[PDB]
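FYI the Cβ positions are ideal-geometry reconstructions off the backbone, even for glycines, and counts take in every protein chain you see. Please treat every number below as a calculation from the coordinates, not as lab data.
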Amino acid sequence: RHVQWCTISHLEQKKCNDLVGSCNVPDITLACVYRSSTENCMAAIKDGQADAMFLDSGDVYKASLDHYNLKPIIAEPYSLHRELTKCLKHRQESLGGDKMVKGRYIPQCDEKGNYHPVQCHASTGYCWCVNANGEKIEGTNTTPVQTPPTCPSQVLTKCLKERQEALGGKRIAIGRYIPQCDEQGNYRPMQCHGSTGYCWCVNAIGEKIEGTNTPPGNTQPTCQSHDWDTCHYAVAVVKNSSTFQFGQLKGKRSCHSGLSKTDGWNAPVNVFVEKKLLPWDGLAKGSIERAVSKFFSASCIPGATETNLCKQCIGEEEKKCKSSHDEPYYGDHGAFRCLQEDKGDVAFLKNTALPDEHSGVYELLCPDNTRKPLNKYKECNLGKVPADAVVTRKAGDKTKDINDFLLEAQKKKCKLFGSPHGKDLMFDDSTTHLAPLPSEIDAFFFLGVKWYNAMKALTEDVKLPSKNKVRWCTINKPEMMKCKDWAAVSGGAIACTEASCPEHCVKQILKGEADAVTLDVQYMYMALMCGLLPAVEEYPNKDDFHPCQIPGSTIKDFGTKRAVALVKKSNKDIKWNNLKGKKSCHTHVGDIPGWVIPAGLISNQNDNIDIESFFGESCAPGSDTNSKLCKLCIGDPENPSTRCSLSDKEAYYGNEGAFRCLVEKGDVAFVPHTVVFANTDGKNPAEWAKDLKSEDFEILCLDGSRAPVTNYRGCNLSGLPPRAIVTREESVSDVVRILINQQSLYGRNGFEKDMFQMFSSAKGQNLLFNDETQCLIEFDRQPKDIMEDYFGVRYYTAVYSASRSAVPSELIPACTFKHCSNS
Ligand SMILES: NC1=N[C@H]2[C@H](CO)N=C(N)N3CCC(O)(O)[C@]23N1
C-alpha cells in the first residue's frame, strides 16, 4: 500500500521526504511528488500522479469544481460553543419520550456528566459496557442473575491525557511543560511553563491564544474562561508605527496569504465590498482581481496575474508570486513576513499565524475603523473562516489508505506539524490533530452553505431563483412528466427538477437546486435532521372534506393509519407485556405499522433483542425462509416455493394476509387499524372471512390492558404521521402560499380542475403526491422539537427512542456538520 503526497514547493518536498524516512507506518509507505504550485498539484491528484494534499478552504472550494473533482476527507475538528455532554443530552431526550412507552433505557451519568462505563436497564436488569459515546460494547451484556460487568475506565480528557503523556511514566517531567487542568478535566485558561517561567492563555481544548505569551516578570493578559469557540478568524495585522484605519486602506501596500486563500482573499474582499471601499458589486464591473488591483498601490498576492498585485513578492525568477513556499511571502507566515520586512502596510492572514508574544510592534486593524491588540482577534476580525482539509479524488479510491496512514502517523507522534525547513509545510503548523470527515461530506457540507455561496459569489453572478416559483423535485420519469404538465398550466408557479431518489431530492433542496418534494415517513428523520421543515402535509381522511374546503379549520381526525396489536377475544391470557414467545403475524418486513413500529417498541423495552428472537413462531414476509419468522408462513395454495415471499403468492402477505395468519394459526397480528373492519362483518367474501365478526377481536394497549377494535385512537402502538412536503426554513411561507393557491385551482374542488388534477395522473400511480390525498394542509408549527412536532411523541419514542442521535442515512453526519460562518 502506498500514499503519494503532492507537495507544492522545494521546501515542502524536503519536509515530506524527511517523513518518508522518519515516520515508519507499517503496511503503508509514503511517497512525495513535487509540483510547482497548488493548482498543478490539484491537477496531479485528478490525473492520478498523486493521491492527497492539504488545502486551504478556498482551494477546497475550487478543487470541488468539475475541473478537478476533488473532495475533502480529513480535517482538524473544531468547536463553536460549549455543548451539553452526550450522556446528559441522552438523559434529557429519553426522559422527554412518551411515558406510555414503559420500561425504556435511561442512561446513568456521573458527576462530570459523562456515561458511567457500566450502563444498566432498570426494567430488565441487564447491564453492559459503553464507550465514551455511550454506545454499547457488543458482547458485554450481563443478565440480572449475574453481577454487573467489569468495564474499563473512561478515556481521559485531552488535558489529563496529555498530562500523563508529558509525565510519561515518571512522576515529574523535569524541564518540560506539563499542562494544568481544572476539575472538569479541561485546560485551565492560564498555562505556565514550569521551568522557563513563561505564561500564556489557552482555550478550553488547550489551543494557545495568540498574543498572550508572557515572559516571567511581566503582566500577562487576562485569559478568558470557558472559551469553546475554536474556529479560525481572518484578521488584518498592521504595525503600531502606522496610523491608518481600515476605511483608509485605498492606495496602501498589502500582503495577502494568497489569491485563492479564504483568509487572504475572500474574507478581506468580502468586507471591502460590503463597506463599499471597492467600486465593485457584480461581474459587469469586471473581475474582482482587477478591482482590487485598482484599490491597492502595490501588493504581494501569490497566484495573482495583475502586475501591481505581484510587485511586492520576492520570489526568485519564475517562483515569484507563485502559490508555493518557493515564494517567500506565500501563505499566512509569508504574508506576515512581508509586513515584518516592510514590503506592505497590512497583512491579511488568520489568527493562528499571529505572533504568540503579547508585547511587540503588531496589532490588529478592525473593520470598524479601530485598532486592537493581537489577542482580541475574536472582536477584531474579518470573519470566521472554514476549516482546511486534506483532499483526494471524488472517487475516494485512496481515502482509506490516506486515513490509515495519518491515523497511524499521529499515534506514533511523527513530525507531521513542524519542520526545520519552514512553517506550514505539508500541514499548518498550528494543527494538532487530523480526523476523518463524514464519508458523505463534500465541499458544500464541509464549508457550509454560507461560505460556499460567498465563495461562489466572487466568481459568477448567482441569479437567485424567484420566491414565486416552486422547483419541484421528481424521482422518476413519470413524475417528471406529470410535473411538466403542471408547469404548463401553472403560469410559471411550478418548475421541475430530476433526481434519482428522495434523498437526492433532499440534497438538491439543501443546495438550492430545488424547493420542495413529498417525502414518505421513512425519509422524514433524515430530512428534519438536515434542517428541512414540513411546509404542508398530505391529508388522507376521506370522511371529512371540511378542512379542505375551508383552510385553517380545525381537524377532528387527520385520518392517518394507526398501528395496532390485533388479537382474538377468545385468547384472554395475552397482553402487551407477555408477547414474548407468542405467535406474531406481520404484514411484511419493512412495513411501518406491521414491522417498524412493533420492532421499535420491542427493541426499546428488551435491550435491542431481535424481533426474530422475541417471538416464538411467526409469519413476517421478508425474513429468511429457515428462520422462525417464516415457520407460520403458508407459501401458496397452488404449490410451485413462494413461502415467506414479498408477493400475493404468500397467503399471509399484506394487510389482509396478516389478518389471515391471526385467525388461522396465530395469536397476535401487527396491522393498521383498518384491517379488521375491512375483513369482518362479512365484508370479505372469502371462506376464511365467512361473516367473521368485528366484536370477536380486540387490540392490545401498552399498559397491559385491552380494548375493542373501535377504540384504536386511544389503544394503539403508534399512529403514523402524514406524508409531508418539505423545504428549507426560509422558503416555508412561499411554498405554502404557492401550493395552497395551486390547490385552489387544481385540487379536488379546484376552480380549474378540468385543466389539471394534482392528485391523479394517467402517467402512473401516486406521482408527486399520493393519489388518495384529499388535499394539502399547512403544517401548524408548534413551540417544541420539530422531531416531536412532526412525528408525534408516540411515534418519535417508539421508532427513534425520542432521540436525535439515530443515523438511518449516512447523509446525516454530512448534513449536520457544523460550520464556521458569520452573521
Ligand atoms: N404540528 C402538528 N400538527 C399535527 C399534524 C397532524 O394532525 N401534523 C403532524 N405530523 N403532527 C404529528 C403530531 C400532531 O400533533 O398530530 C401534528 N403536529
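Could you give the Stokes-Einstein D for region 537-686 in µm² per second, using the C-alpha Kirkwood radius, 20 °C, 1.002 mPa s?
Roughly 130 µm²/s, to the nearest whole number.
Partnerless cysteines in the chain, where a partner means another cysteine C-beta under 4.7 angstrom, comprise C501. Amide H to amide H distances under 5 Å link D424 with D429, where only residues 5 or more positions off or on other chains count and H is placed in the peptide plane. I'd like the distance between the alpha-carbon centres of region 753-823 and region 95-149, rounded to an integer number of Å. Cα centroid of region 753-823 versus Cα centroid of region 95-149: 31 Å apart. Of the cross-linked pairs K252/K285; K136/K170; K319/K394; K276/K507; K384/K423, those separated by over 26 Å at the C-alpha level are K136/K170; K319/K394; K276/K507. Shown here for region 500-580: trypsin sites (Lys or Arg not before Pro) in loop regions (DSSP other than H, G, I, E, B) with at most 10 other Cβ atoms within 10 Å, namely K542, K572.
Give me the tail of P(r) for the chain as a percent: Cα-Cα pairs with distance above 41 Å.
Details: 163459 of 338253 pairs.
More than 41 Å apart: 48 percent of the Cα pairs in the chain.
Put simply, when 379-387, 9-17, 681-689 are sorted by average Cβ atoms within 10 angstrom per residue, most first, you get 379-387, 9-17, 681-689.
Set the bar at 22 Å for Cα to Cα. Now go through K14/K239; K575/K665; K46/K450; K161/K415 and name every pair that lies beyond it. Over 22 Å Cα-Cα: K14/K239; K46/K450. Size of region 171-296: Rg and Dmax of its alpha carbons, in Å, are 20.7, 68. Just to confirm my numbers, what's the Cα centroid distance between region 559-636 and region 201-279 in Å? Rounded to whole Å, the Cα centres lie 62 Å apart.
Working note: Karplus 6.51/-1.76/1.60 with θ = phi - 60° gives region 493-509 the couplings 6, 10, 10, 9, 10, 10, 9, 8, 6, x, 5, 5, 5, 4, 4, 5, 5 Hz, where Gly and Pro are set to x.
With each label modelled as a point 7 angstrom along the Cα→C-beta vector, the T554-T124 pair spans 4.2 nm.
Counted by neighbouring Cβ atoms within 10 Å, the residues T196, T642, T212 run from fewest to most as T196, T642, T212.
Bridging of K511 to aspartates and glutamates at a Cα separation below 12 Å is possible for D442, once same-chain residues fewer than 8 apart are set aside. Each peptide in 300-310, 439-449 gets a packing score, the mean of other Cβ atoms within 10 Å over its residues, and the list from highest to lowest is 300-310, 439-449. Partner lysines whose Cα lies under 17 Å from the Cα of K378, excluding those fewer than 8 positions away in the same chain, are identified as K208, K350.
The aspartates and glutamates whose alpha-carbon is closer than 17 Å to the alpha-carbon of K86, local same-chain residues fewer than 8 away aside, are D110, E111, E135. Return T140, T680, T587 ranked ascending by Cβ neighbour count within 10 Å, so the fewest neighbours appear first. Listing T140, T680, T587 from fewest to most nearby Cβ atoms yields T140, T680, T587. Seen from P637, the other residues with C-beta closer than 14 Å to its C-beta sum to a net charge of -3, counting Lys and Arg as +1 and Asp and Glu as -1.
Remark: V596, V567 ranked as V596, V567, counting other beta-carbon atoms within 10 Å and listing the fewest first. Of the trypsin sites (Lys or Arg not before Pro) found in region 399-438, the ones in coil according to DSSP and having at most 14 other Cβ atoms within 10 Å of their Cβ are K412, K413, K415.
Can you classify region 234-385 as rounded, prolate or oblate using the Cα gyration tensor, where a ≥ b ≥ c are the square roots of its eigenvalues, rounded means a/c under 1.5, and otherwise it's prolate if a/b beats b/c and oblate if not? It comes out oblate by the Cα gyration axes. Taken as Cα centroids, region 173-190 and region 1-50 sit 36 Å apart, rounded to the nearest whole angstrom.
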